[PDB]
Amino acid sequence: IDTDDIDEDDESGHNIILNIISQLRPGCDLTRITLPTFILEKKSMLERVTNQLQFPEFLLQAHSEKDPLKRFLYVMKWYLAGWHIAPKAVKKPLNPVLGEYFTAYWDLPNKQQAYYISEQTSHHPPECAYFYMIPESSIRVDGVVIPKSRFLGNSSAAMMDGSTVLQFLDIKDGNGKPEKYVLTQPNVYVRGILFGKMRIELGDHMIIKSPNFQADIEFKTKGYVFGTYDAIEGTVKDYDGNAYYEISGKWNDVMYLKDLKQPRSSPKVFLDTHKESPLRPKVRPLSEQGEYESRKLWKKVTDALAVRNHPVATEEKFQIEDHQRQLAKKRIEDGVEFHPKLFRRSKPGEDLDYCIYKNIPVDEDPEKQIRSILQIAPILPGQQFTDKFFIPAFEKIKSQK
């Protein structure tokens, strides 16, 4: 098996965790606390986000669907499909260093490409932004991940205040603007850390809203007197408050839709997570990557994890963490603050805290859009870094004038 699917929490590891908890007080921030390497998957958070994007076929179905209601369902299908793409063991992504970046691409079966660009925009508190686009299909995705980790006793939680904005550039609304979907994230809980075994749960409410429809999906939480893990329930409505469908089932098994105009009918299969197959992103080889590009930067750490050598993993991890600490001290001494290389700060009225700095006009030719994307950062094999890359986003935006 892969190390991501192997629980490495034996008697020794459980002692390390229990010991850390001993010094903790309920409500504590877990962001400022170094955690053992045996609960780490071999990915940065920047790459973990791409897991959720491994079903572009559903997204392509949505964009191609003419019926508004069915288009919404296909969007909901695309988004729900990615959550089971995760380690089977209770493990978490690496906490990306400040200014860390990650790029990847997809070779789509319709012989088009999908491009992905991301950057860790903040460390205290941790936060990252990502850009995703399939220009030849007029599909654009912008998002941020904002984890707020807390110790709560027998439970620890990562409250997810991030969100994702999906746009169909060639599908206009009542304003002439591209059809926009806003998708929030459920919270990630870990239970049974004190007494018993550890298990990861998704909880609370996920919202998906379009110009015409809206869906409040609840990720139900398992109780003591039971039962069932991983259950969801929600409704698809228009803004007149009319209910069209009910979603049910399990986000890691099979999810169903029940047509509410047929009150006697039984919920039919909406998404089988065992049926369709995920499409993994492609990445440049290490020999082309930058010093603080995710996979290269963490290479020594992931190598050690891949063979379960934790003394070495913790050591290599510490070196990286300690260097960043040094850099933070130097910034204070020089009287400067960090500025993202690839993402600008939000303007008033926008949906996200960060947005890709490159201006990509809505009704521009897809070929020229791809050209603009490739100028942002090295994505495809053979692409070369430039001096412009390391210039802060806000300076690059000051330019173009």
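Position 1 is the first residue in the sequence shown; the rest follow in order.
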On mean Cα temperature factor in this entry, is 292-300 or 225-233 the higher one? 225-233
Using the B-factors recorded in the PDB entry, average over the C-alpha atoms of 94-102 and of 215-223, then report which stretch comes out higher. 215-223
In this crystal structure's PDB entry, the residue among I134, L183, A129, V307 with the greatest CA B factor is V307
Quick check on the deposited entry: does the C-alpha B-factor of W251 sit in the lowest, middle or highest third of its chain? middle
Tertile call for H323 (CA temperature factor, within chain, third-based) is the middle
Using the B-factor values recorded in the entry, state whether the Cα atom of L73 falls in the lowest, middle or highest third among the modelled residues of its chain. lowest
Going by the CA temperature factor in the PDB record, which third of the chain does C28 belong to: lowest, middle or highest? highest
Assigned third (lowest, middle, highest) for the C-alpha B factor of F343: lowest
